[PDB]
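Novice: Take this structure first; my questions come after.
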Amino acid sequence: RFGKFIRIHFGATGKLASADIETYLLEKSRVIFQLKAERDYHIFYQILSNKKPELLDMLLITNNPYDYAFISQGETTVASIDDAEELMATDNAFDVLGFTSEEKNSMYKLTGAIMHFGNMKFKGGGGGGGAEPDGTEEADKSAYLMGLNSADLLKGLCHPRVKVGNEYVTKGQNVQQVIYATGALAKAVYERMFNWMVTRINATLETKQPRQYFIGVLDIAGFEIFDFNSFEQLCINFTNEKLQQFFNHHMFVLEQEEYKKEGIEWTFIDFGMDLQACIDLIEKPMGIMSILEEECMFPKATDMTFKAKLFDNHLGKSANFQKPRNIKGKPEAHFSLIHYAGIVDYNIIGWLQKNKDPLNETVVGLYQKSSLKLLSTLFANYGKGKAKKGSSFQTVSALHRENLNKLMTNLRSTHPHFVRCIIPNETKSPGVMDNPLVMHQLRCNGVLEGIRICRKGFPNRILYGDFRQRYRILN
Amino acid sequence: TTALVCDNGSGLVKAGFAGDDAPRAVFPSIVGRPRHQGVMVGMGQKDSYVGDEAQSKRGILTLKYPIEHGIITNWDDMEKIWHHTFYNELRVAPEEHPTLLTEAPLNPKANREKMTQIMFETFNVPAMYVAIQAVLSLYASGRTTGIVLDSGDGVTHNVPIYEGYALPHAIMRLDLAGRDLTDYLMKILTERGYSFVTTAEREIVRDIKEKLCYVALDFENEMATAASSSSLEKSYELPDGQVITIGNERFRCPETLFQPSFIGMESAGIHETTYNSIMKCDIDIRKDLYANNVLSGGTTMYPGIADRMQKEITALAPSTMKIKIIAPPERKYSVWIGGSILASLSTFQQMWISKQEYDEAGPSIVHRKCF
Amino acid sequence: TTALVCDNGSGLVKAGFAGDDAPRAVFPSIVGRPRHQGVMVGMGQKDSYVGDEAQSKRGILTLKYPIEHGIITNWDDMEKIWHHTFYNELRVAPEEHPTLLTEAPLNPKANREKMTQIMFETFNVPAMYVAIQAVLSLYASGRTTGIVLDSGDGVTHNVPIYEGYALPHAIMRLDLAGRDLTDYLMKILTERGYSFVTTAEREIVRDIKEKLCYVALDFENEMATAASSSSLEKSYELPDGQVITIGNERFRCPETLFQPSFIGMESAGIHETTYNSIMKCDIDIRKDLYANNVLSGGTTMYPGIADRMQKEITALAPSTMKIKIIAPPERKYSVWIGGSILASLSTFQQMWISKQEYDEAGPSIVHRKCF
Ligand SMILES: Nc1ncnc2c1ncn2[C@@H]1O[C@H](COP(=O)(O)OP(=O)(O)O)[C@@H](O)[C@H]1O
Ligand SMILES: Nc1ncnc2c1ncn2[C@@H]1O[C@H](COP(=O)(O)OP(=O)(O)O)[C@@H](O)[C@H]1O
Ligand SMILES: [Mg+2]
Ligand SMILES: [Mg+2]
């Protein structure tokens with residue numbers, strides 16, 4: 001899922017110097033919400049491996065995955081890869097790495113803590129709107145794990161403190177808001193763990209050679225297509241479409257360079273706006289993403305209202321938004337978009353609940369006050385007077401966009417090169433091919449788009465010597 | 001760019017950027033002038049102290065409030081307040097920040113016209129909008145229906161909203177507010193031996209009211225208890241000494257809200273105005289309004305007010321209805337939170353009154369559909 | 001394929017696929033419009049609430065019935081009703097489904113022609129047919145003779161049929177129906193001190209009429225009992241409390257059917273009209289018509305109506321003639337059941353009006369012999 005990136009640096013004399021590693025566009029929705037036939041990250045399943053009983057007993061982890069809430073929603077297990085030896089190899093690789101085993105225990109216990117936030121329960125007060133907890137054993141063990149106080153954590157979750165003017169006031173939270181806050185806290189802590197791990201790996205890999213001009217290597221998820229496309233698939237498709245639009249612009253620049261070199265210059269219209277028409281319907285204001293971001297803020301938003309607003313604001317008015325289509329008894333379709341890869345339909349249901357990422361400030365402050373390494377990852381979080389963004393006003397969609405932007409402002413600074421890998425068949429048998437799979441791979445890789453862009457001009461170019469020696473016999 | 005949400009209110013100006021969880025700047029809306037001569041030469045005292053700074057020099061200044069009940073009465077003082085808010089508090093240039101302003105219902109049109117004219121001319125704000133307190137308060141409460149009672153320091157008004165639709169004929173306004181409560185507290189403290197006259201001591205009396213007053217569930221029972229028991233007496237420390245002890249006067253000041261006849265007002269108590277407003281609306285939405293009663297404003301921060309209001313309404317309302325009162329801890333800043341939420345909406349970007357529209361249609365443009 | 005049996009009626013649209021035991025979707029036939037402005041922005045309220053949704057928003061909407069007395073007066077509203085029925089309640093595209101419609105006897109020809117034109121043009125149904133609301137009711141009763149009295153919300157009519165042969169010269173129509181009864185109940189409830197004016201509370205008054213009103217076997221005796229005793233009074237709970245008690249008005253409202261002069265109409269009562277229709281036919285079929293009285297329509301659901309009607313007709317009719325009244329429990333949905341039965345007949349498949357036929361011969365096809 002995450003957009004791995006590696007910059008291989010070189011010395012002054014054009015010799016290999018060292019390597020740097022960065023990650024981008026890591027998806028957090030997979031942590032809490034999973035599709036019915038899909039699993040979560042391999043970390044949790046690997047941790048539940050029974051070949052290491054010490055971790056299970058010292059973390060007080062229930063050996064039954066069904067009991068826990070976060071994992072049981074998705075598919076429990078598949079015969080994808082044996083987790084036992086994979087976990088053992090990962091542990092060995094960490095052991096032979098630069099840092100000690102206390103840190104490994106730290107990551108394991110923090111992952112266990114992330115696991116237990118789902119056991120939290122809250123009941124609305126009989127005489128008041130605010131909701132208070134009912135069970136506390138899970139909270140007690142979790143607070144013991146982070147070295148925090150269960151009472152303080154419960155007070156913070158139930159009664160977040162906020163700074164107004166120069167004084168602190170308490171805010172009221174209902175069951176839904178506290179559940180969203182817990183989910184956001186889990187996602188944020190996981191993201192910070194991953195970022196800290198990446199930084200540690202980069203520091204360990206770092207060597208003392210000078211860092212001159214580098215060569216980038218970028219791996220990203222493809223233009224995945226399902227019959228049940230959802231918000232995560234929408235984000236992936238949008239990122240892939242932006243990448244394709246960049247590729248189209250680069251190819252156009254190369255074509256113009258060749259034309260000016262050869263003095264054959266015509267059809268100066270750039271090839272970007274044609275694909276950017278769909279892009280402008282996603283990221284720009286009044287787009288689907290902006291409309292969803294506003295709608296999740298409205299206190300009484302519902303899926304039907306969101307669909308009605310989309311239809312009112314885009315049906316007929318835009319050239320890419322159109323009605324959905326029903327084929328072969330597809331489970332559901334709400335709206336369809338036209339991309340470079342064809343027609344893709346998405347399901348609105350469930351988007352609104354998972355778009356919200358409201359963080360809690362007081363919980364972050366408590367983490368910073370903790371006696372564990374966790375404070376390092378949550379070290380900083382939220383004459384001219386710039387204004388920041390409120391905790392409540394936090395959505396996954398915006399961050400994604402921001403991340404994509406901070407990627408494009410970097411990748412555009414280097415001359416790009418493209419490599420495409422195509423699987424020949426679904427089966428392991430060599431030689432045999434499945435034409436539909438190759439068609440899907442070609443459609444998602446944008447090769448058809450390249451050939452279509454080439455054909456509108458003059459794709460066939462021949463030297464006069466070859467043309468003479470091959471066609472002069474005609475006359 | 002980013003939007004700017006400022007709430008003049010009454011007795012407390014609170015401003016910040018849109019999308020924030022709480023206003024950055026909160027300070028009294030007071031303008032002070034020195035009343036003495038001044039003998040030291042070279043210090044060069046300024047002729048006007050504005051904002052929270054005037055509190056520091058409270059003892060040598062004549063504090064004046066630019067607004068009496070919502071309506072602005074001293075426009076120069078209001079300009080000074082706005083300049084201080086924009087420059088010395090937020091340290092931002094309004095030349096590149098749309099401004100959302102809050103204004104109470106049922107006010108002279110000239111008030112809004114002059115406000116918009118000052119904003120567009122003096123500060124050259126690129127665009128601005130004006131909203132109602134009740135709608136913002138409902139926005140901040142995470143509700144779409146219900147009747148909202150906003151009681152600040154200037155005016156107390158009830159507005160019923162159902163499914164995002166207002167009921168203008170059922171909007172009720174009452175001039176009783178926190179300032180009248182402070183004046184009554186002054187009038188009722190003199191019977192014990194303490195006299196407060198100067199405008200500087202207005203703040204001391206207000207602080208006493210905030211820190212000690214509370215609403216009684218029953219008036220006669222509490223008075224009978226205080227007539228014999230002395231467990232209700234509490235002491236307060238003045239800024240120079242001579243602590244003062246108050247007994248039954250602590251829970252008698254807030255009773256004016258439910259018993260306006262104390263201060264000579266003919267109208268009925270807030271608990272009765274709310275019920276009258278509810279019965280004004282259509283019969284088919286009265287249950288939801290009963291079940292979604294919302295409170296907002298600083299004056300509604302007295303301990304025990306929610307229970308007294310619920311008891312009174314239950315007494316008035318039919319016995320077969322569930323009366324629920326929503327009193328979030330952050331009543332005082334609910335309006336600003338609602339304004340921030342409103343300004344952060346994407347579909348609101350086309351409702352701003354741009355400079356071009358004001359220039360073309362003049363100051364009256366405020367009274368179009370861009371209400 | 002399958003056929004759709006839509007019964008527009010008046011005040012209640014009921015529809016469902018042919019061959020079903022009971023109609024699938026039943027909902028009131030009203031169009032609601034918001035009469036206020038709306039203060040909250042971003043909600044994006046629709047400009048027209050149609051069908052059952054309007055019943056949940058009665059307090060902020062004005063409700064209009066597109067059908068006054070059988071005929072359609074607001075064609076845009078009726079088109080909205082049909083679209084909502086086809087695309088929301090049934091969620092079936094009418095592109096590949098024939099439709100059966102029903103209407104009362106003796107209606108303007110323009111109504112039928114425009115209905116057919118709209119159905120062929122706007123929705124492009126493959127074929128459609130129109131039927132009388134009385135013949136379908138007769139089908140649903142498993143009979144082939146007798147008279148049928150269809151007292152709906154808009155219009156009442158009597159249609160005698162003998163051995164499947166209708167008698168047009170004996171069909172009787174009267175405009176008194178449930179809506180007039182509701183209006184009369186609103187009018188007479190004022191004498192008890194309850195005022196109902198808004199269209200929204202007309203639905204409330206309709207609910208009381210449905211729940212409490214009943215037909216008296218004898219009028220003067222019941223009046224005497226009510227004036228003397230108080231055992232006939234019953235209490236109803238309004239949506240906002242204040243339960244109200246109704247006594248003598250309980251059985252005065254449904255008496256208008258037998259006493260039209262209460263509402264000023266000169267026409268005779270229901271029983272007298274039925275009796276006159278019975279003799280308007282020949283003399284050799286009067287016995288069967290007497291013995292096969294059929295009732296249908298919601299208005300005929302009053303408790304005790306059957307007994308009173310039988311007593312009145314027996315008083316009018318000769319003593320030596322047996323009188324029986326058929327009142328199945330499912331009077332309200334009898335018409336739709338009959339329509340479903342008719343649509344399922346194999347021989348009826350050739351009576352549909354094909355789209356090609358309409359295009360070739362024009363909208364007047366329905367009136368021509370190709371009925
Ligand atoms: N804790 C409290 N108890 C009682 N009264 C309070 C409390 N806090 C504030 N107030 C009163 O509320 C008033 C402030 O009202 P405010 O919310 O500023 O109204 P506006 O929004 O119209 O400016 C003050 O005058 C003060 O007397
Ligand atoms: N049990 C009942 N008691 C009194 N009135 C009834 C009862 N059932 C139905 N009605 C009346 O019948 C009317 C519905 O008539 P309906 O059969 O829908 O006519 P149409 O078929 O023309 O729509 C309603 O207005 C309602 O007041
Ligand atoms: Mg206020
Ligand atoms: Mg009918």
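Note on naming: chains are A, B, ... as they come in the structure tokens, residues start from 1 per chain, ligands start from 1 in the order shown.
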Using only C-alpha atoms, which protein or nucleic acid residues come within 9 Å of residue 297 of chain B? Drop anything in the same chain fewer than 2 positions from it, and give the result as number ranges by chain.

Specialist: B: 137, 149-153, 156, 295, 299-301, 331-335

Novice: Distance limit 6 Å, atoms considered: only C-alpha atoms. Which chain B residues sit that close to chain A? Return them as an NGL selection string.

Specialist: :B and (17 or 19-26 or 90-92 or 142 or 345-346)

Novice: If you count only C-alpha atoms and all ligand atoms, which residues end up within 9 Å of ligand 1, as a PyMOL selection string?

Specialist: chain B and resi 7-14+28-29+69-70+104+133+150-156+177-179+181-182+206-207+209-214+254+296-303+331-336

Novice: Hey, can you spit out that residue selection with C-alpha atoms as a PDB file, in the first residue's frame?

Specialist:
ATOM      1  CA  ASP B   7     -17.634  37.991  17.606  1.00  0.00           C
ATOM      2  CA  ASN B   8     -18.213  41.434  19.086  1.00  0.00           C
ATOM      3  CA  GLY B   9     -20.860  40.061  21.428  1.00  0.00           C
ATOM      4  CA  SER B  10     -21.466  42.325  24.404  1.00  0.00           C
ATOM      5  CA  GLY B  11     -19.007  42.797  27.249  1.00  0.00           C
ATOM      6  CA  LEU B  12     -16.572  40.310  25.690  1.00  0.00           C
ATOM      7  CA  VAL B  13     -15.001  40.416  22.223  1.00  0.00           C
ATOM      8  CA  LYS B  14     -13.710  37.048  21.016  1.00  0.00           C
ATOM      9  CA  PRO B  28     -13.574  42.690  27.502  1.00  0.00           C
ATOM     10  CA  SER B  29     -15.019  45.245  25.093  1.00  0.00           C
ATOM     11  CA  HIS B  69     -27.915  45.998  24.252  1.00  0.00           C
ATOM     12  CA  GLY B  70     -26.516  44.670  20.987  1.00  0.00           C
ATOM     13  CA  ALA B 104     -28.253  39.456  17.398  1.00  0.00           C
ATOM     14  CA  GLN B 133     -26.167  34.107  17.091  1.00  0.00           C
ATOM     15  CA  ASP B 150     -28.909  32.584  23.838  1.00  0.00           C
ATOM     16  CA  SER B 151     -28.395  34.764  26.922  1.00  0.00           C
ATOM     17  CA  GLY B 152     -25.275  36.919  26.789  1.00  0.00           C
ATOM     18  CA  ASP B 153     -24.406  40.100  28.641  1.00  0.00           C
ATOM     19  CA  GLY B 154     -26.534  42.346  26.421  1.00  0.00           C
ATOM     20  CA  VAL B 155     -29.760  40.578  25.457  1.00  0.00           C
ATOM     21  CA  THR B 156     -31.460  37.198  25.869  1.00  0.00           C
ATOM     22  CA  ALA B 177     -29.113  40.173  30.508  1.00  0.00           C
ATOM     23  CA  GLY B 178     -25.985  39.941  32.635  1.00  0.00           C
ATOM     24  CA  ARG B 179     -25.522  43.702  32.919  1.00  0.00           C
ATOM     25  CA  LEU B 181     -28.070  41.253  36.899  1.00  0.00           C
ATOM     26  CA  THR B 182     -24.887  43.076  37.918  1.00  0.00           C
ATOM     27  CA  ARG B 206     -19.314  41.350  38.169  1.00  0.00           C
ATOM     28  CA  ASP B 207     -16.484  39.133  39.410  1.00  0.00           C
ATOM     29  CA  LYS B 209     -21.468  37.597  40.660  1.00  0.00           C
ATOM     30  CA  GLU B 210     -19.519  35.173  38.479  1.00  0.00           C
ATOM     31  CA  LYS B 211     -17.669  33.558  41.376  1.00  0.00           C
ATOM     32  CA  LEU B 212     -20.391  33.223  44.031  1.00  0.00           C
ATOM     33  CA  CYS B 213     -23.920  33.522  42.614  1.00  0.00           C
ATOM     34  CA  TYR B 214     -25.980  30.417  41.878  1.00  0.00           C
ATOM     35  CA  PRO B 254     -29.937  35.260  39.383  1.00  0.00           C
ATOM     36  CA  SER B 296     -25.961  29.203  25.067  1.00  0.00           C
ATOM     37  CA  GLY B 297     -24.327  32.391  26.271  1.00  0.00           C
ATOM     38  CA  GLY B 298     -22.366  33.324  29.355  1.00  0.00           C
ATOM     39  CA  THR B 299     -25.399  34.262  31.444  1.00  0.00           C
ATOM     40  CA  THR B 300     -26.577  30.628  31.275  1.00  0.00           C
ATOM     41  CA  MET B 301     -23.469  29.469  33.167  1.00  0.00           C
ATOM     42  CA  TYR B 302     -24.955  29.765  36.657  1.00  0.00           C
ATOM     43  CA  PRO B 303     -24.843  26.444  38.558  1.00  0.00           C
ATOM     44  CA  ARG B 331     -21.771  27.533  26.691  1.00  0.00           C
ATOM     45  CA  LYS B 332     -19.861  30.816  26.583  1.00  0.00           C
ATOM     46  CA  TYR B 333     -17.878  30.044  23.414  1.00  0.00           C
ATOM     47  CA  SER B 334     -20.560  28.039  21.593  1.00  0.00           C
ATOM     48  CA  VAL B 335     -21.383  30.905  19.225  1.00  0.00           C
ATOM     49  CA  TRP B 336     -17.769  31.346  18.131  1.00  0.00           C
TER      50      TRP B 336
END

Novice: Could you name the residues that touch residue 265 of chain B at 10 Å or less, counting only C-alpha atoms, but leaving out those on the same chain fewer than 5 positions away, as a list in words?

Specialist: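 Everything that qualifies: residues 174, 175, 176, 256, 259 and 260 of chain B.
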
Novice: Considering only C-alpha atoms, extract the chain C residues located within 9 Å of chain B and return them as a list in words.

Specialist: residues 34, 36, 37, 38, 39, 40, 41, 42, 43, 45, 57, 58, 59, 60, 198, 200, 201, 238, 239, 240, 241 and 242 of chain C

Novice: Would you compute the distance between atom CA of residue 223 of chain B and atom CA of residue 314 of chain B? Give it in Å to one decimal.

Specialist: 22.9 Å

Novice: Report as a ChimeraX atom specification: the residues of segment 57-292 of chain C with a DSSP assignment of helix (DSSP H, G or I), based on the backbone of this structure.

Specialist: /C:58-60,75-89,94-96,109-123,133-140,168-170,178-192,199-212,219-228,249-252,254-257,260-263,270-280,286-291

Novice: Set the distance at 12 Å and use only C-alpha atoms: which residues neighbour segment 359-365 of chain A once local chain neighbours fewer than 5 positions away are removed? I'd like the list as an MDAnalysis selection string.

Specialist: (chainID A and resid 143 148:150 152:163 168:171 173 177:189 370 374:382 389:396) or (chainID B and resid 21)

Novice: Please list as a PyMOL selection string every residue within 10 Å of residue 311 of chain B, counting only C-alpha atoms and excluding residues in the same chain fewer than 3 positions away.

Specialist: chain B and resi 217-218+271+305-308+314-317+323

Novice: If you count only C-alpha atoms, which residues fall within 8 Å of residue 170 of chain B, apart from same-chain ones fewer than 3 positions away, as a PDB file with N, CA and C atoms, in the first residue's frame?

Specialist:
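So result-v6.pdb came out as:
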ATOM      1  N   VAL B 159     -34.753  31.416  19.844  1.00  0.00           N
ATOM      2  CA  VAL B 159     -35.015  31.185  18.425  1.00  0.00           C
ATOM      3  C   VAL B 159     -35.289  29.702  18.204  1.00  0.00           C
ATOM      4  N   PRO B 160     -36.454  29.324  17.669  1.00  0.00           N
ATOM      5  CA  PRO B 160     -36.679  27.916  17.319  1.00  0.00           C
ATOM      6  C   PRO B 160     -36.297  27.597  15.883  1.00  0.00           C
ATOM      7  N   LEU B 167     -38.332  29.992  12.301  1.00  0.00           N
ATOM      8  CA  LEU B 167     -39.714  30.409  12.520  1.00  0.00           C
ATOM      9  C   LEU B 167     -39.676  31.869  12.957  1.00  0.00           C
ATOM     10  N   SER B 277     -42.704  30.698  23.254  1.00  0.00           N
ATOM     11  CA  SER B 277     -42.130  30.545  21.924  1.00  0.00           C
ATOM     12  C   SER B 277     -42.421  29.163  21.361  1.00  0.00           C
ATOM     13  N   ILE B 278     -42.307  28.128  22.193  1.00  0.00           N
ATOM     14  CA  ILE B 278     -42.589  26.776  21.719  1.00  0.00           C
ATOM     15  C   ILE B 278     -44.040  26.664  21.269  1.00  0.00           C
ATOM     16  N   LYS B 280     -45.845  29.032  20.180  1.00  0.00           N
ATOM     17  CA  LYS B 280     -46.051  29.827  18.973  1.00  0.00           C
ATOM     18  C   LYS B 280     -45.884  28.984  17.717  1.00  0.00           C
ATOM     19  N   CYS B 281     -44.920  28.068  17.713  1.00  0.00           N
ATOM     20  CA  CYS B 281     -44.612  27.288  16.525  1.00  0.00           C
ATOM     21  C   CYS B 281     -45.762  26.337  16.202  1.00  0.00           C
TER      22      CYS B 281
END

Novice: Got a sec: who's within 8 Å of residue 347 of chain A, counting only C-alpha atoms, leaving out chain neighbours fewer than 2 positions off, as a VMD selection string?

Specialist: chain A and resid 228 to 230 332 to 335 345 349

Novice: Residues of the last selection are to be written out with N, CA, C and O atoms, as a short mmCIF file (atom, residue, chain, number, x, y, z; two decimals), in the first residue's frame.

Specialist:
data_model
loop_
_atom_site.label_atom_id
_atom_site.label_comp_id
_atom_site.auth_asym_id
_atom_site.auth_seq_id
_atom_site.Cartn_x
_atom_site.Cartn_y
_atom_site.Cartn_z
N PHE A 228 -16.44 -3.63 -6.20
CA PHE A 228 -16.93 -3.02 -4.97
C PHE A 228 -15.99 -1.89 -4.55
O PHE A 228 -15.58 -1.79 -3.39
N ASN A 229 -15.65 -1.02 -5.50
CA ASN A 229 -14.70 0.05 -5.22
C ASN A 229 -15.21 0.94 -4.09
O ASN A 229 -16.41 1.17 -3.95
N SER A 230 -14.28 1.44 -3.29
CA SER A 230 -14.61 2.21 -2.10
C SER A 230 -13.62 3.37 -1.98
O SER A 230 -12.89 3.69 -2.92
N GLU A 332 -23.83 -3.43 -6.02
CA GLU A 332 -24.30 -2.07 -5.83
C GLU A 332 -23.44 -1.11 -6.65
O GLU A 332 -22.25 -1.36 -6.87
N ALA A 333 -24.06 -0.02 -7.09
CA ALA A 333 -23.36 1.05 -7.77
C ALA A 333 -24.10 2.35 -7.54
O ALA A 333 -25.31 2.43 -7.77
N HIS A 334 -23.38 3.37 -7.08
CA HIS A 334 -23.96 4.69 -6.81
C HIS A 334 -23.59 5.73 -7.85
O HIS A 334 -24.47 6.47 -8.30
N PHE A 335 -22.33 5.81 -8.25
CA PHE A 335 -21.93 6.74 -9.30
C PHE A 335 -20.71 6.19 -10.01
O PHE A 335 -20.00 5.33 -9.49
N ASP A 345 -16.94 2.60 -11.12
CA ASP A 345 -18.06 2.95 -10.25
C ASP A 345 -17.66 2.76 -8.80
O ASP A 345 -16.91 1.84 -8.47
N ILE A 349 -21.69 4.11 0.33
CA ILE A 349 -21.99 3.60 1.66
C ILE A 349 -20.71 3.39 2.45
O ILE A 349 -19.75 2.78 1.95
#

Novice: Would you please give, as a ChimeraX atom specification, all residues of segment 90-327 of chain B that DSSP assigns to strand (DSSP E or B) based on the backbone?

Specialist: /B:99-103,127-132,147-151,156-162,165-166,172-174,234-238,241-246,293-296,325-326

Novice: Find the distance between atom CA of residue 330 of chain B and atom CA of residue 141 of chain B and write it in Å to one decimal.

Specialist: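 Atom CA of residue 141 of chain B lies 9.9 Å from atom CA of residue 330 of chain B.
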
Novice: Rank nothing, just name the residue among C:292, C:55, C:248, C:88 nearest to residue 229 of chain C, using only C-alpha atoms.

Specialist: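 Nearest to residue 229 of chain C: C:248.
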
Novice: Using only C-alpha atoms and all ligand atoms, which residue out of C:89, C:180, C:249, C:359 lies closest to ligand 2?

Specialist: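 Under the stated criterion, the closest residue is C:180.
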
Novice: Could you state the separation of atom CA of residue 62 of chain B and atom CA of residue 30 of chain B in Å, given to one decimal place?

Specialist: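 Between these atoms lies a distance of 9.7 Å.
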